Amino acid sequence: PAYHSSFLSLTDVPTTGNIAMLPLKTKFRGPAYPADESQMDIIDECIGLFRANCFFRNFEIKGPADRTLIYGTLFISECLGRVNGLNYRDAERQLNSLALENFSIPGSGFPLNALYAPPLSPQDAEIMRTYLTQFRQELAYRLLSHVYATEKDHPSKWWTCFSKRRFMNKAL
Amino acid sequence: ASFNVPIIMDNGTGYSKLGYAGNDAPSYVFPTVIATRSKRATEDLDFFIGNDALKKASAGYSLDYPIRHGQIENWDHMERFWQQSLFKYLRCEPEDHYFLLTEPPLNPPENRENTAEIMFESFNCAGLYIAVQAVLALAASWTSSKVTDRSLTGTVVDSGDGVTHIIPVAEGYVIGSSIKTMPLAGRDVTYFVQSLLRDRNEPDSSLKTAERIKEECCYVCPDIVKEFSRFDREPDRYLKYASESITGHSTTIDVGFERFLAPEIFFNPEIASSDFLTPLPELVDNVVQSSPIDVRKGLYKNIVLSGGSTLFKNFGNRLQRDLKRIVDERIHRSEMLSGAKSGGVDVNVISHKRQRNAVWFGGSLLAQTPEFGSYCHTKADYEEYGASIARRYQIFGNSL
Amino acid sequence: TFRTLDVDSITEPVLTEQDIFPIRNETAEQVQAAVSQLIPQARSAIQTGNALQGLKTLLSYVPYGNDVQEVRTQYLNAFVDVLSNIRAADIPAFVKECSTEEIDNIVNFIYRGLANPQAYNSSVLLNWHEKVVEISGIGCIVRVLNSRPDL
Amino acid sequence: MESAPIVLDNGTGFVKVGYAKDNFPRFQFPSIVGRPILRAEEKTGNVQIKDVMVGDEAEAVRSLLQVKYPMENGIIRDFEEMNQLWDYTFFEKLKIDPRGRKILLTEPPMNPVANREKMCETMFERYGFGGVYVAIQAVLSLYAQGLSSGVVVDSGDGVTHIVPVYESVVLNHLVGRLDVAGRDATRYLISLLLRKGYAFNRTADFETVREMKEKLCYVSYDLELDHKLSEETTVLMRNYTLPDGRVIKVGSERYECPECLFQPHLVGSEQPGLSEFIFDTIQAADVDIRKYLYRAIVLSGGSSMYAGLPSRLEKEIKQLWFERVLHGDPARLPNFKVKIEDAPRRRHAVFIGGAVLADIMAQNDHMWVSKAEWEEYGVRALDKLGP
Amino acid sequence: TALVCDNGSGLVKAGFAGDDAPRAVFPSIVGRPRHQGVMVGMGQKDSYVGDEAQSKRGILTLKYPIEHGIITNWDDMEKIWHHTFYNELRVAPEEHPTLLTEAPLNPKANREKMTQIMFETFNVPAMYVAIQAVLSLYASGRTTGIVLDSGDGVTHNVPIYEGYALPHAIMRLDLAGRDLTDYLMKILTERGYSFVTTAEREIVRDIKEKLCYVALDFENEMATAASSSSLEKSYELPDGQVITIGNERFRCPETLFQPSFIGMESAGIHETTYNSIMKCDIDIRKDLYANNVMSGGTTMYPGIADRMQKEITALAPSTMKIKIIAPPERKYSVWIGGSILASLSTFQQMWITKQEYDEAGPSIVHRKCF
Ligand SMILES: Nc1ncnc2c1ncn2[C@@H]1O[C@H](COP(=O)(O)OP(=O)(O)OP(=O)(O)O)[C@@H](O)[C@H]1O
Ligand SMILES: Nc1ncnc2c1ncn2[C@@H]1O[C@H](COP(=O)(O)OP(=O)(O)O)[C@@H](O)[C@H]1O
Ligand SMILES: Nc1ncnc2c1ncn2[C@@H]1O[C@H](COP(=O)(O)OP(=O)(O)O)[C@@H](O)[C@H]1O
Ligand code: BEF
Ligand SMILES: [Mg+2]
Ligand SMILES: [Mg+2]
Ligand SMILES: [Mg+2]
């Protein structure tokens with residue numbers, strides 16, 4: 001059994017397509033509601049689980065918090081695909097550029113388009129894009145504090161070697 | 001019948017263990033490998049086997065492993081491996097001795113037929129017993145061969161280099177309707193250790209180095225998302241291993257999260273395969289619950305571990321706690337519906353001194369019994385009925 | 001246990017070869033007389049060298065039935081002896097003049113001669129088999145496959 | 001669709017559904033529920049996976065689903081999943097408003113009473129059916145035959161069960177379960193194929209080996225003959241292509257698999273198989289009626305469809321009266337008339353019989369348990385439904 | 001000394017005459033292994049009997065060679081006698097004469113093949129084949145009575161008066177501790193517990209022995225069990241798993257009073273006893289109401305002796321004084337009775353000796369025995 005999100009037990013959380021707009025700790029501009037600064041929000045969960053969840057090859061999705069965790073678990077693999085050989089001062093800028101560049105949302109090019117509900121309206125697509133850009137900017141910034149933990153000029157190999165690993169053999 | 005000590009051969013996917021019944025260890029334990037070439041024809045005489053065939057990779061021979069997933073699957077190589085075992089290492093005469101051979105529970109009838117015709121027509125041995133290997137491994141558990149030390153009811157978990165299977169046996173009978181088998185063991189966890197060294201791009205990732213990192217450095221943790229987190233908090237857990245290359249020079253390997261994530265293949269086999277999804281503690285509960293009701297207290301009370309790939313540090317305790325968690329959760333569901341208490345069930349997973357080769361010690365201990373010559377296919381039965389005499393499963397229920 | 005006890009043999013009586021082929025009308029001693037008068041004509045035709053007129057007369061009647069092995073074997077002995085005494089260059093002149101009924105009596109008995117090599121020379125029967133099938137066509141073997149089993 | 005009673009054979013392997021007087025099921029589909037999963041397998045924009053996927057929608061798409069079965073052995077294991085079959089059955093197969101409708105349900109002859117209670121409670125309190133009736137599945141299969149005597153044996157996906165009947169009286173002391181049927185033969189087919197090295201242990205692969213069993217298996221008429229063809233000859237070997245495109249060779253597993261209905265010990269059950277179970281049931285009936293049972297054994301249910309099963313069963317009862325009543329004396333065997341009824345429709349005989357019975361009692365409003373009677377007596381309202 | 005061997009239709013009881021209880025007592029079972037796969041040479045054998053069959057039962061198929069008091073399987077019944085003599089009593093049988101037991105109205109060919117195989121194999125000096133109910137009368141210490149035996153396989157009434165037995169008044173019914181166990185295996189399905197193996201039948205027997213009781217009035221206990229969980233009890237399987245059981249505790253024994261619960265056409269044991277005493281002559285009927293002796297393990301349930309009285313007093317006329325004699329040792333009363341009989345000074349002339357079997361063959365037993 002792979003590790004599912006803690007937030008699938010949460011209820012009446014806001015939703016877009018069928019992503020969960022889970023509480024977030026961040027500085028980036030966007031629609032995600034502030035988390036408690038003392039608590040693990042979905043990005044501390046997604047970074048904590050990623051290195052275990054990308055070895056499994058069979059993952060049942062319980063609800064919209066797992067659909068969110070999967071998008072995070074896939075975007076960590078894109079970031080570790082980018083980061084090889086960078087200085088932290090370059091990696092911040094390269095992975096923010098990766099986070100902000102134009103991407104396909106579910107319902108548009110998207111790999112898991114079989115499992116994610118398309119946006120409910122022309123307006124739901126914008127609240128989805130402005131969430132997923134805020135999410136993946138924070139996810140990149142948070143990840144970099146782990147991969148450049150002990151030394152600031154060389155990505156720690158214990159994080160970089162998952163760049164070949166690929167959650168359930170899917171990628172963005 | 002001849003009186004000579006029956007010869008015992010546990011041909012594993014990893015190691016062949018060879019010897020004579022009634023000795024206190026195998027005469028040989030060496031890899032199930034054959035080195036072959038890749039005006040008279042002699043390329044079928046030039047081969048080598050075992051520890052003397054690892055020395056031959058640099059002399060331009062191709063090593064191949066004729067047993068894969070616990071089954072013989074090259075019959076040319078296995079016949080040459082047996083002739084060389086019998087006439088070089090065991091140095092015996094087949095016409096004088098009964099042989100105990102071993103195979104997994106779910107082997108095809110075709111492999112017992114091929115084993116029988118090779119033994120009776122090529123070597124001409126006096127008689128043959130083809131034992132289901134985990135049924136023997138129970139008999140290594142006893143404190144002695146004597147009748148008062150026996151405990152003929154217990155689940156036996158066997159895990160070698162090529163197959164793991166769980167056999168329930170009760171009152172000396174193998175409960176064949178309940179055998180579970182999974183072709184994921186000591187080699188599949190080596191290919192996973194090898195796969196990790198290779199993704200980190202370490203200086204050496206040859207099979208012999210992943211094989212050594214398993215048994216030097218790896219262990220079974222309680223839970224991998226806490227163990228990944230511990231490897232951040234506790235940086236002395238990244239061991240450094242010194243490996244010497246095929247061409248005779250030093251290297252150094254950092255060993256990482258494969259120290260726990262590799263043995264986790266047994267307790268989460270989704271890491272290794274899309275096909276075998278059930279983890280070993282739940283695979284054991286499926287054995288004991290499929291088994292008839294009155295033996296279940298006895299089958300949980302004595303879960304014997306066997307075969308080299310069960311030796312990982314903390315393997316017995318992980319299996320005991322995860323199986324005890326499955327079992328007391330199911331009993332507590334039943335206390336809930338009744339409102340009454342229960343006496344529960346004790347689950348003991350038995351690691352023991354002969355665990356590394358338990359199938360051989362089981363075969364040795366059984367073959368000493370005066371009745372053994374009557375359980376063999378004698379070559380007189382072979383000359384009457386041919387190699388089809390070995391085709392019937394002893395273990396499973398057969399129609400007809 | 002019960003699984004092996006056959007019941008079909010005692011509750012559903014199967015057909016017999018005499019239901020599929022009509023039973024012979026001539027009695028055993030009536031055919032044993034009819035053959036024993038012909039074999040001396042065939043033995044005589046060898047002794048006077050006209051062995052081909054031996055076959056033409058021997059082949060004018062055929063014994064059949066599960067009651068007559070002790071004279072079907074004597075008829076086969078005379079037939080194989082007559083086939084062993086016809087010159088190989090005369091065979092194509094005999095076979096092209098046989099009726100399709102006589103041909104289907106020749107090839108039927110050469111497949112009885114080929115069934116017992118420890119008493120009959122196969123080499124001359126295989127030679128007759130090549131020549132009778134090459135001249136008269138493959139259907140002459142199909143009429144043997146389909147023929148009565150007590151021939 | 002129709003104003004008459006709805007009828008529902010919620011079987012262990014297939015739901016079949018329609019109305020009174022239907023000559024064949026209006027719909028049938030696997031009794032399966034699935035949840036979305038990703039699995040190191042193909043993904044496609046050709047289909048959209050909703051949070052709960054069921055029946056035909058799941059079975060057509062099951063590479064993408066964690067398939068689960070709400071029933072085993074003829075009992076509902078998980079009512080949250082059976083609710084997701086019943087929602088689908090009424091709201092998007094039949095397309096019905098159940099408010100005040102009358103429905104006929106079925107269950108096997110020896111179920112836990114808590115199963116019938118919670119199944120009727122659900123009909124009155126999720127859907128609000130105005131009337132419910134529950135019939136023993138094998139007595140329905142006797143209305144399909146237009147018949148009133150002769151022992152009826154039903155073998156489904158979940159359970160094989162037998163109900164002797166004589167002159168319209170149902171012999172409740174002789175009704176019996178053999179807990180071996182079409183699913184135990186399927187778990188056994190997986191276990192036979194595992195000896196060849198083919199693994200089918202994903203939840204979605206179970207429907208593939210059901211389709212394989214249903215396509216290729218047959219009941220051996222003479223075991224030493226099929227063991228001859230099996231061991232001496234290639235003639236049994238057959239190639240099956242999975243929905244993956246993989247081809248797998250299957251041989252002795254064609255006869256050796258459905259043999260577990262005749263020999264339950266192959267699947268670890270100590271019970272006697274079909275021939276010995278039907279014999280020990282007929283031979284337990286009173287002396288005056290045994291003739292009228294052997295003269296009309298009625299087969300029913302999908303697991304009675306294996307090629308050769310009618311002929312093997314008839315032989316194996318002639319063969320067994322011969323051992324156990326004649327002691328091997330051939331003199332009387334021709335006097336033993338046994339007849340198996342094995343009609344073309346028989347997979348659906350429980351539904352076709354239910355659709356006949358639901359016409360016989362459509363207008364007799366006191367014959368059903370009414371919602372108004374359920375809501376005053378609770379579970380005790382079901383005591384209307386016989387002994 | 002003489003041996004006394006009760007041929008229990010489910011529970012064999014063996015011992016020496018004058019001893020006050022069976023020296024050994026064990027299930028009348030022969031069990032065979034249901035698995036062919038074996039640890040070779042490791043002490044297995046092709047038949048386990050009595051307590052070897054019970055303690056090993058999970059891997060065995062168990063079959064009793066007695067059904068309804070008739071031996072159905074002779075090649076296996078002699079294994080049980082071999083066990084009674086050589087493994088339980090630990091004697092040579094050829095040194096000691098054997099008193100055997102039989103039900104009334106049994107096939108005479110059963111008693112013939114029993115007396116045949118007992119001399120022709122075990123070579124006992126002498127033997128006898130007494131009826132179980134007249135044996136039970138000796139253990140009760142009286143000369144008048146209407147013994148109601150109720151074993152594993154049979155139940156029967158033998159009206160008996162000053163030693164004159166009434167063979168026209170005997171009743172026998174094939175309803176007993178086996179059929180009550182079949183019906184418990186059937187009705188427990190309603191809880192969702194499925195028992196089907198001949199091993200699990202022994203679990204359902206142990207439930208029936210520990211938890212079942214006779215309702216004093218059935219449709220009042222049925223109403224009480226529906227009204228509250230006050231009547232429910234729990235049992236722990238040989239698996240640590242827990243069973244809960246309720247009105248099934250008394251619906252099982254009620255079958256003995258209502259055979260129509262198992263579809264069988266018969267009077268219950270109250271009506272069968274009444275119709276047996278009402279078949280005796282009116283001078284005797286005055287006394288046998290005061291002497292309903294009970295015997296055999298199916299007469300052992302809690303509440304049976306009181307409910308047996310409340311039923312039989314509704315059939316008997318109110319002027320009579322009506323009593324059930326149910327000893328605390330009643331399970332063994334036929335064996336204690338045989339132990340008394342085989343010890344009598346006056347009995348020793350009426351054994352069948354080996355000498356007079358040779359003069360007549362087994363059909364002598366029909367004149368030497370009742
Ligand atoms: N031709 C066939 N050959 C083999 N098996 C068949 C065949 N046709 C149907 N089956 C099997 O029958 C089962 C489905 O039959 P059916 O619908 O009668 O079962 P069910 O009613 O759902 O089960 P149950 O009555 O136990 O609840 C499946 O196992 C299916 O594979
Ligand atoms: N201490 C150990 N810890 C983990 N694995 C071990 C240990 N010692 C040996 N092994 C492994 O045991 C396997 C060999 O076990 P064996 O019983 O001989 O298997 P097989 O019979 O299939 O050849 C190899 O994978 C080997 O690396
Ligand atoms: N305490 C008890 N309460 C209820 N039933 C009992 C009790 N003890 C034993 N039994 C019943 O006793 C039966 C055996 O009775 P027994 O007289 O020894 O029969 P038999 O002599 O014919 O072998 C068993 O079938 C069992 O059902
Ligand atoms: F082949 Be080893 F026994 F796994
Ligand atoms: Mg091994
Ligand atoms: Mg059905
Ligand atoms: Mg008794």
# chains A, B, ... in the order shown; residues from 1 in each chain; ligands from 1
>>> residues_near_ligand(ligand="ligand 4", cutoff="12 Å", atoms="only C-alpha atoms and all ligand atoms", output="ChimeraX atom specification")
/B:9-17,31-32,65-73,102-105,107,132-134,137,157-165,181-189,306-310,356-360
>>> closest_atom_pairs(of="chain B", to="chain E", cutoff="9 Å", atoms="only C-alpha atoms", output="Markdown table")
| residue | atom | partner | partner_atom | distance |
| --- | --- | --- | --- | --- |
| B:135 | CA | E:39 | CA | 6.6 |
| B:136 | CA | E:39 | CA | 7.3 |
| B:139 | CA | E:39 | CA | 8.7 |
| B:147 | CA | E:43 | CA | 8.7 |
| B:152 | CA | E:42 | CA | 8.5 |
| B:169 | CA | E:38 | CA | 8.5 |
| B:170 | CA | E:59 | CA | 7.1 |
| B:171 | CA | E:56 | CA | 6.6 |
| B:172 | CA | E:39 | CA | 5.6 |
| B:173 | CA | E:38 | CA | 4.6 |
| B:174 | CA | E:37 | CA | 5.0 |
| B:175 | CA | E:35 | CA | 6.5 |
| B:176 | CA | E:37 | CA | 6.8 |
| B:177 | CA | E:35 | CA | 8.9 |
| B:291 | CA | E:58 | CA | 8.8 |
| B:292 | CA | E:58 | CA | 5.8 |
| B:293 | CA | E:239 | CA | 6.4 |
| B:294 | CA | E:58 | CA | 5.0 |
| B:295 | CA | E:58 | CA | 5.7 |
| B:296 | CA | E:239 | CA | 5.7 |
| B:297 | CA | E:239 | CA | 5.5 |
| B:330 | CA | E:241 | CA | 8.3 |
| B:331 | CA | E:241 | CA | 5.7 |
| B:332 | CA | E:241 | CA | 8.7 |
| B:334 | CA | E:242 | CA | 5.7 |
| B:335 | CA | E:242 | CA | 6.4 |
| B:337 | CA | E:244 | CA | 8.1 |
| B:338 | CA | E:244 | CA | 5.6 |
| B:339 | CA | E:234 | CA | 8.6 |
| B:340 | CA | E:234 | CA | 6.6 |
| B:341 | CA | E:242 | CA | 8.2 |
| B:342 | CA | E:240 | CA | 6.2 |
| B:343 | CA | E:240 | CA | 6.2 |
| B:344 | CA | E:240 | CA | 5.0 |
| B:345 | CA | E:240 | CA | 5.9 |
| B:366 | CA | E:40 | CA | 6.7 |
| B:367 | CA | E:41 | CA | 8.4 |
| B:369 | CA | E:41 | CA | 6.1 |
| B:370 | CA | E:41 | CA | 7.7 |
| B:371 | CA | E:41 | CA | 5.5 |
| B:372 | CA | E:41 | CA | 6.3 |
| B:375 | CA | E:40 | CA | 7.0 |
| B:393 | CA | E:37 | CA | 8.6 |
| B:394 | CA | E:37 | CA | 5.3 |
| B:395 | CA | E:37 | CA | 4.1 |
| B:396 | CA | E:37 | CA | 7.0 |
| B:397 | CA | E:36 | CA | 7.2 |
>>> select_by_dssp(residues="range 84-307 of chain D", states="helix (DSSP H, G or I)", output="VMD selection string")
chain D and resid 84 to 94 113 to 127 137 to 144 184 to 195 203 to 216 223 to 232 253 to 256 258 to 261 264 to 267 274 to 282 290 to 294 302 to 304
>>> residues_near_ligand(ligand="ligand 7", cutoff="10 Å", atoms="only C-alpha atoms and all ligand atoms", output="PyMOL selection string")
chain E and resi 6-13+68-69+101-103+132-133+149-155+176-177+295-298+331-335
>>> write_last_selection(atoms="C-alpha atoms", output="short mmCIF file (atom, residue, chain, number, x, y, z; two decimals), in the first residue's frame")
data_model
loop_
_atom_site.label_atom_id
_atom_site.label_comp_id
_atom_site.auth_asym_id
_atom_site.auth_seq_id
_atom_site.Cartn_x
_atom_site.Cartn_y
_atom_site.Cartn_z
CA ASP E 6 -21.00 -50.27 25.24
CA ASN E 7 -21.06 -50.03 21.40
CA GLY E 8 -21.92 -46.34 21.57
CA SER E 9 -23.65 -45.03 18.43
CA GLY E 10 -21.35 -41.99 18.91
CA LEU E 11 -19.35 -42.52 22.17
CA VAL E 12 -17.71 -45.93 22.99
CA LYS E 13 -17.51 -46.87 26.70
CA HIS E 68 -28.92 -45.01 13.95
CA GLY E 69 -27.51 -47.81 16.18
CA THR E 101 -24.68 -53.72 23.92
CA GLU E 102 -27.38 -53.39 21.22
CA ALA E 103 -30.53 -51.25 20.61
CA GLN E 132 -29.32 -51.12 26.19
CA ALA E 133 -32.55 -50.16 28.04
CA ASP E 149 -32.70 -44.25 26.35
CA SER E 150 -31.50 -41.37 24.15
CA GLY E 151 -28.01 -41.77 22.70
CA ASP E 152 -26.10 -40.28 19.79
CA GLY E 153 -27.99 -42.28 17.10
CA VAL E 154 -31.24 -43.76 18.65
CA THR E 155 -33.88 -43.10 21.30
CA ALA E 176 -30.90 -38.48 18.69
CA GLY E 177 -27.71 -36.46 19.48
CA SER E 295 -30.58 -42.96 29.99
CA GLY E 296 -27.91 -41.88 27.49
CA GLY E 297 -26.33 -38.52 26.76
CA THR E 298 -29.27 -36.90 24.85
CA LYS E 331 -24.74 -40.70 30.54
CA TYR E 332 -23.10 -44.04 31.45
CA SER E 333 -26.10 -45.88 32.96
CA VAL E 334 -26.12 -48.64 30.25
CA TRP E 335 -22.41 -49.30 30.93
#
>>> residues_near_ligand(ligand="ligand 6", cutoff="8 Å", atoms="only C-alpha atoms and all ligand atoms", output="mmCIF file with N, CA and C atoms, in the first residue's frame")
data_model
loop_
_atom_site.group_PDB
_atom_site.id
_atom_site.type_symbol
_atom_site.label_atom_id
_atom_site.label_comp_id
_atom_site.auth_asym_id
_atom_site.auth_seq_id
_atom_site.Cartn_x
_atom_site.Cartn_y
_atom_site.Cartn_z
ATOM 1 N N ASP D 9 -32.994 -10.259 -9.908
ATOM 2 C CA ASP D 9 -32.082 -11.283 -9.419
ATOM 3 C C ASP D 9 -30.726 -10.638 -9.145
ATOM 4 N N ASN D 10 -30.529 -10.092 -7.947
ATOM 5 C CA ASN D 10 -29.236 -9.569 -7.514
ATOM 6 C C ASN D 10 -28.288 -10.720 -7.180
ATOM 7 N N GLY D 11 -27.831 -11.415 -8.210
ATOM 8 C CA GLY D 11 -26.898 -12.510 -8.072
ATOM 9 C C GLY D 11 -25.509 -12.062 -7.627
ATOM 10 N N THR D 12 -24.714 -13.020 -7.171
ATOM 11 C CA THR D 12 -23.357 -12.842 -6.666
ATOM 12 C C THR D 12 -22.369 -12.441 -7.748
ATOM 13 N N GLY D 13 -22.630 -12.813 -9.000
ATOM 14 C CA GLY D 13 -21.767 -12.503 -10.134
ATOM 15 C C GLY D 13 -22.437 -11.612 -11.158
ATOM 16 N N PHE D 14 -23.743 -11.760 -11.363
ATOM 17 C CA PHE D 14 -24.516 -10.902 -12.247
ATOM 18 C C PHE D 14 -25.791 -10.434 -11.582
ATOM 19 N N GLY D 74 -23.513 -15.687 -2.079
ATOM 20 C CA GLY D 74 -24.927 -15.304 -2.043
ATOM 21 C C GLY D 74 -25.337 -14.343 -0.916
ATOM 22 N N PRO D 108 -30.584 -17.171 -1.899
ATOM 23 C CA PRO D 108 -30.383 -18.608 -1.722
ATOM 24 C C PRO D 108 -30.987 -19.189 -0.430
ATOM 25 N N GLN D 137 -34.173 -18.731 -4.508
ATOM 26 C CA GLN D 137 -33.784 -18.688 -5.922
ATOM 27 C C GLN D 137 -34.107 -19.958 -6.719
ATOM 28 N N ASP D 154 -29.594 -25.270 -8.615
ATOM 29 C CA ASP D 154 -29.152 -24.006 -9.172
ATOM 30 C C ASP D 154 -27.679 -23.830 -8.849
ATOM 31 N N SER D 155 -26.831 -23.564 -9.834
ATOM 32 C CA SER D 155 -25.431 -23.234 -9.584
ATOM 33 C C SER D 155 -25.130 -21.872 -10.175
ATOM 34 N N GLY D 156 -24.781 -20.898 -9.349
ATOM 35 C CA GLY D 156 -24.501 -19.541 -9.790
ATOM 36 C C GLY D 156 -23.021 -19.192 -9.768
ATOM 37 N N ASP D 157 -22.690 -17.918 -9.634
ATOM 38 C CA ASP D 157 -21.328 -17.470 -9.374
ATOM 39 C C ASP D 157 -20.958 -17.668 -7.913
ATOM 40 N N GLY D 158 -21.893 -17.520 -6.987
ATOM 41 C CA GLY D 158 -21.611 -17.539 -5.561
ATOM 42 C C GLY D 158 -21.863 -18.886 -4.909
ATOM 43 N N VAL D 159 -23.022 -19.492 -5.144
ATOM 44 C CA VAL D 159 -23.466 -20.681 -4.413
ATOM 45 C C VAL D 159 -24.146 -21.697 -5.317
ATOM 46 N N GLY D 301 -29.014 -21.846 -13.502
ATOM 47 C CA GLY D 301 -27.957 -20.920 -13.107
ATOM 48 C C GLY D 301 -26.707 -21.060 -13.958
ATOM 49 N N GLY D 302 -25.919 -19.997 -14.058
ATOM 50 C CA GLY D 302 -24.876 -19.914 -15.069
ATOM 51 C C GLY D 302 -23.806 -20.973 -14.915
ATOM 52 N N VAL D 350 -33.726 -18.472 -12.904
ATOM 53 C CA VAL D 350 -34.146 -17.756 -11.692
ATOM 54 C C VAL D 350 -34.834 -16.439 -12.030
#
>>> interface_residues(of="chain A", to="chain D", cutoff="7 Å", atoms="only C-alpha atoms", output="ChimeraX atom specification")
/A:57-61,113-115,168-169
>>> closest_residue(among="E:83, E:156, E:270, E:186", to="ligand 3", atoms="only C-alpha atoms and all ligand atoms")
E:156
>>> select_by_dssp(residues="range 16-172 of chain B", states="strand (DSSP E)", output="VMD selection string")
chain B and resid 16 to 20 28 to 31 34 to 37 48 to 49 61 to 64 67 to 68 71 to 72 98 to 103 127 to 132 154 to 159 164 to 170
>>> write_last_selection(atoms="C-alpha atoms", output="short mmCIF file (atom, residue, chain, number, x, y, z; two decimals), in the first residue's frame")
data_model
loop_
_atom_site.label_atom_id
_atom_site.label_comp_id
_atom_site.auth_asym_id
_atom_site.auth_seq_id
_atom_site.Cartn_x
_atom_site.Cartn_y
_atom_site.Cartn_z
CA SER B 16 22.90 -25.24 -4.56
CA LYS B 17 23.41 -27.00 -1.23
CA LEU B 18 24.77 -30.53 -1.60
CA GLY B 19 25.58 -33.28 0.91
CA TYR B 20 24.81 -36.70 2.41
CA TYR B 28 28.96 -27.67 -0.39
CA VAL B 29 27.04 -24.38 -0.64
CA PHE B 30 27.79 -22.63 -3.93
CA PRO B 31 25.93 -20.57 -6.54
CA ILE B 34 27.39 -22.79 -14.95
CA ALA B 35 30.25 -21.26 -16.99
CA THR B 36 30.02 -22.25 -20.72
CA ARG B 37 31.72 -21.13 -23.99
CA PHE B 48 32.59 -25.24 -14.79
CA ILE B 49 30.07 -24.77 -11.89
CA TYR B 61 33.17 -18.04 -20.38
CA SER B 62 29.51 -16.98 -20.18
CA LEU B 63 27.98 -17.64 -16.75
CA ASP B 64 24.27 -18.55 -16.76
CA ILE B 67 17.26 -22.20 -12.16
CA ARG B 68 15.15 -19.01 -12.25
CA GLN B 71 12.28 -23.68 -11.28
CA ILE B 72 14.84 -25.37 -13.54
CA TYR B 98 19.04 -42.74 -3.22
CA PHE B 99 18.78 -39.00 -4.04
CA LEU B 100 16.65 -36.31 -2.41
CA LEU B 101 16.04 -33.45 -4.87
CA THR B 102 13.99 -30.34 -3.96
CA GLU B 103 11.57 -28.11 -5.90
CA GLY B 127 16.04 -44.07 -6.62
CA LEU B 128 14.76 -40.49 -6.29
CA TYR B 129 12.57 -38.38 -3.97
CA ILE B 130 11.55 -34.90 -5.25
CA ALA B 131 10.62 -33.08 -2.04
CA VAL B 132 8.54 -29.87 -1.87
CA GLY B 154 3.32 -24.91 11.93
CA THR B 155 3.19 -22.44 9.03
CA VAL B 156 6.55 -22.40 7.19
CA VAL B 157 7.60 -19.24 5.34
CA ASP B 158 10.39 -20.01 2.88
CA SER B 159 12.21 -17.24 0.95
CA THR B 164 9.07 -17.17 -1.55
CA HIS B 165 6.27 -19.52 -0.62
CA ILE B 166 4.28 -20.15 2.53
CA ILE B 167 3.28 -23.75 3.27
CA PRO B 168 0.93 -24.61 6.14
CA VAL B 169 1.53 -28.12 7.56
CA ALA B 170 -0.52 -29.68 10.37
#
>>> interface_residues(of="chain E", to="chain D", cutoff="6 Å", atoms="only C-alpha atoms", output="short mmCIF file (atom, residue, chain, number, x, y, z; two decimals) with N, CA, C and O atoms, in the first residue's frame")
data_model
loop_
_atom_site.label_atom_id
_atom_site.label_comp_id
_atom_site.auth_asym_id
_atom_site.auth_seq_id
_atom_site.Cartn_x
_atom_site.Cartn_y
_atom_site.Cartn_z
N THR E 189 -26.77 -21.39 10.54
CA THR E 189 -26.61 -20.63 9.30
C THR E 189 -27.33 -19.28 9.35
O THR E 189 -26.88 -18.31 8.76
N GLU E 190 -28.42 -19.17 10.12
CA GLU E 190 -29.21 -17.95 10.23
C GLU E 190 -28.46 -16.81 10.91
O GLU E 190 -28.72 -15.64 10.61
N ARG E 191 -27.47 -17.11 11.76
CA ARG E 191 -26.52 -16.14 12.35
C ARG E 191 -25.43 -15.69 11.39
O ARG E 191 -24.76 -14.71 11.65
N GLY E 192 -25.22 -16.42 10.29
CA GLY E 192 -24.09 -16.21 9.39
C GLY E 192 -22.85 -17.03 9.74
O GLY E 192 -21.78 -16.73 9.22
N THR E 197 -17.60 -28.98 7.34
CA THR E 197 -16.68 -30.12 7.46
C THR E 197 -17.11 -31.06 8.59
O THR E 197 -17.70 -30.65 9.59
N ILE E 262 -37.28 -31.17 11.78
CA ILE E 262 -36.41 -31.84 10.81
C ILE E 262 -37.23 -32.62 9.77
O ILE E 262 -36.74 -33.57 9.17
N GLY E 263 -38.50 -32.25 9.56
CA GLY E 263 -39.39 -32.82 8.54
C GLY E 263 -39.87 -34.26 8.79
O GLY E 263 -40.77 -34.74 8.11
#
